[PDB]
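Here the structure is laid out as structure tokens; the discussion comes afterwards.
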Amino acid sequence: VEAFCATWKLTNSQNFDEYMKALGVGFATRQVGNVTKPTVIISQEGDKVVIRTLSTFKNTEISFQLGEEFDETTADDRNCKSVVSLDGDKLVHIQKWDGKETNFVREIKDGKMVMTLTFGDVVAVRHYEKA
Ligand SMILES: CC/C=C\C/C=C\C/C=C\C/C=C\C/C=C\C/C=C\CCC(=O)O
């Protein structure tokens, strides 16, 4: 987890538009999700782990304890029951709403943070570089 503690900037993403289409996110929000390069701040603040995503179209922010379910209102406005946890060396984020489930895997790869987002059989990848 200390490995993920830093300010990160999106440097590249692939197939993110289709992943969003699957999630059922509206046209107005995907346009925004396609041209924005968010700054993701991950840190440990006291007892919890905080994940802040800064964008000029939306500023989110989810604080939690590993292994503990919590409520989350996503950028595309889906109220989910989420859980963030460590699986060996990867940070796994799982979101559950309307009988559905999508998950994000964040892992450190050759200097960078690789984020794999998957929904059913649809996969999207995002690369992050430290500030
Ligand atoms: C629960 C946190 C949700 C969203 C964070 C806020 C803004 C993200 C940017 C644009 C909104 C577009 C789509 C919302 C759906 C999924 C967002 C997935 C990952 C966040 C991107 C990242 O890690 O920088």
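By convention here, the chains of the structure tokens are called A, B, ... in the order presented, each chain's residues are numbered starting at 1, and ligands are numbered starting at 1 in the order presented.
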Find the residues around residue 14 in chain A up to 10 Å (only C-alpha atoms counted), leave out those fewer than 6 positions away in its own chain, and share them as a ChimeraX atom specification. /A:116,123-127
Just write the chosen residues, C-alpha atoms, as a short mmCIF file (atom, residue, chain, number, x, y, z; two decimals), in the first residue's frame.
```
data_model
loop_
_atom_site.label_atom_id
_atom_site.label_comp_id
_atom_site.auth_asym_id
_atom_site.auth_seq_id
_atom_site.Cartn_x
_atom_site.Cartn_y
_atom_site.Cartn_z
CA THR A 116 -7.17 -2.43 -15.24
CA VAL A 123 -11.69 -4.44 -20.36
CA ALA A 124 -10.16 -0.95 -20.14
CA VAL A 125 -6.60 0.01 -19.18
CA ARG A 126 -5.22 3.25 -17.73
CA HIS A 127 -1.61 4.13 -17.05
#
```
Could you list, as a ChimeraX atom specification, all residues that come within 6 Å of ligand 1? Count only C-alpha atoms and all ligand atoms. /A:29-30,33,38,40,53,58,60,72-76
Just list as a list in words whatever in chain A DSSP marks as helix (DSSP H, G or I).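 Helix (DSSP H, G or I) assignments inside chain A correspond to residues 2, 3, 4, 16, 17, 18, 19, 20, 21, 22, 27, 28, 29, 30, 31, 32, 33, 34 and 35 of chain A.
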I'd like the neighbourhood of range 86-89 of chain A as a VMD selection string, where a residue qualifies if any of its atoms comes within 9 Å (using only C-alpha atoms), though same-chain residues fewer than 2 positions away should be ignored. chain A and resid 1 66 to 67 84 91 to 92 107 to 108
For range 77-111 of chain A versus range 62-65 of chain A, which residues have an atom no more than 12 Å away, and what is each residue's nearest atom pair and distance in Å rounded to one decimal, using only C-alpha atoms, chain-then-number order, as a Markdown table?
```
| residue | atom | partner | partner_atom | distance |
| --- | --- | --- | --- | --- |
| A:80 | CA | A:62 | CA | 11.8 |
| A:81 | CA | A:62 | CA | 12.0 |
| A:82 | CA | A:64 | CA | 9.7 |
| A:83 | CA | A:64 | CA | 8.4 |
| A:84 | CA | A:65 | CA | 7.6 |
| A:85 | CA | A:65 | CA | 8.3 |
| A:86 | CA | A:65 | CA | 10.8 |
| A:93 | CA | A:62 | CA | 11.2 |
```
As an exercise, work out the distance from CA of residue 16 in chain A to CA of residue 68 in chain A in Å and give it to one decimal place.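 According to the coordinates, CA of residue 16 in chain A and CA of residue 68 in chain A are separated by 27.4 Å.
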With only C-alpha atoms as the counted atoms, please give the residues lying no more than 9 Å from range 98-102 of chain A, apart from itself and same-chain residues fewer than 4 positions off, as a PyMOL selection string. chain A and resi 23+80+93-94+117-120
Residues from last step as file, N, CA, C and O atoms, as a PDB file, in the first residue's frame:
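Generated file (result07.pdb):
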```
ATOM      1  N   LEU A  23     -21.032   0.347 -18.799  1.00  0.00           N
ATOM      2  CA  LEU A  23     -21.495   0.744 -17.479  1.00  0.00           C
ATOM      3  C   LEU A  23     -22.804   1.513 -17.627  1.00  0.00           C
ATOM      4  O   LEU A  23     -23.502   1.796 -16.649  1.00  0.00           O
ATOM      5  N   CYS A  80     -23.005   2.674  -5.132  1.00  0.00           N
ATOM      6  CA  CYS A  80     -22.513   1.313  -4.998  1.00  0.00           C
ATOM      7  C   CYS A  80     -22.145   0.892  -3.584  1.00  0.00           C
ATOM      8  O   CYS A  80     -22.072   1.705  -2.676  1.00  0.00           O
ATOM      9  N   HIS A  93     -10.378  -2.980  -6.338  1.00  0.00           N
ATOM     10  CA  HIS A  93     -11.548  -2.148  -6.039  1.00  0.00           C
ATOM     11  C   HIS A  93     -12.768  -2.803  -6.703  1.00  0.00           C
ATOM     12  O   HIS A  93     -12.793  -3.001  -7.918  1.00  0.00           O
ATOM     13  N   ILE A  94     -13.775  -3.140  -5.902  1.00  0.00           N
ATOM     14  CA  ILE A  94     -14.985  -3.786  -6.409  1.00  0.00           C
ATOM     15  C   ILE A  94     -16.232  -2.941  -6.097  1.00  0.00           C
ATOM     16  O   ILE A  94     -16.430  -2.489  -4.960  1.00  0.00           O
ATOM     17  N   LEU A 117      -9.518  -1.861 -15.594  1.00  0.00           N
ATOM     18  CA  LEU A 117     -10.936  -1.767 -15.243  1.00  0.00           C
ATOM     19  C   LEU A 117     -11.723  -2.783 -16.060  1.00  0.00           C
ATOM     20  O   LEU A 117     -11.638  -2.800 -17.284  1.00  0.00           O
ATOM     21  N   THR A 118     -12.485  -3.638 -15.395  1.00  0.00           N
ATOM     22  CA  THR A 118     -13.265  -4.615 -16.132  1.00  0.00           C
ATOM     23  C   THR A 118     -14.728  -4.751 -15.734  1.00  0.00           C
ATOM     24  O   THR A 118     -15.093  -4.692 -14.559  1.00  0.00           O
ATOM     25  N   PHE A 119     -15.560  -4.920 -16.751  1.00  0.00           N
ATOM     26  CA  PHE A 119     -16.991  -5.092 -16.574  1.00  0.00           C
ATOM     27  C   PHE A 119     -17.395  -6.258 -17.469  1.00  0.00           C
ATOM     28  O   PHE A 119     -17.343  -6.149 -18.688  1.00  0.00           O
ATOM     29  N   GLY A 120     -17.786  -7.375 -16.868  1.00  0.00           N
ATOM     30  CA  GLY A 120     -18.153  -8.528 -17.673  1.00  0.00           C
ATOM     31  C   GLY A 120     -16.961  -8.869 -18.555  1.00  0.00           C
ATOM     32  O   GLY A 120     -15.858  -9.105 -18.056  1.00  0.00           O
TER      33      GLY A 120
END
```
Could you pull out the strand (DSSP E or B) residues of chain A, going by DSSP on the backbone, and write them as a PyMOL selection string? chain A and resi 6-14+39-45+48-54+59+62-64+70-73+79-87+90-97+100-109+112-119+122-130
Between A:129, A:121, A:77, A:110, which residue has the minimum interatomic distance to residue 25 in chain A, considering only C-alpha atoms?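 Result for the nearest residue to residue 25 in chain A: A:77.
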Do you have the CA of residue 32 in chain A-CA of residue 18 in chain A distance handy?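 Here the two named atoms are 13.8 Å from each other.
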Using Å and a single decimal, report how far CA of residue 97 in chain A sits from CA of residue 70 in chain A.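 Between these atoms lies a distance of 12.2 Å.
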Tell me, as a PyMOL selection string, which residues lie within 12 Å of residue 3 in chain A, counting only C-alpha atoms; anything in the same chain fewer than 4 positions away does not count. chain A and resi 7-8+42-44+86+89-91+106-109+111-113+130
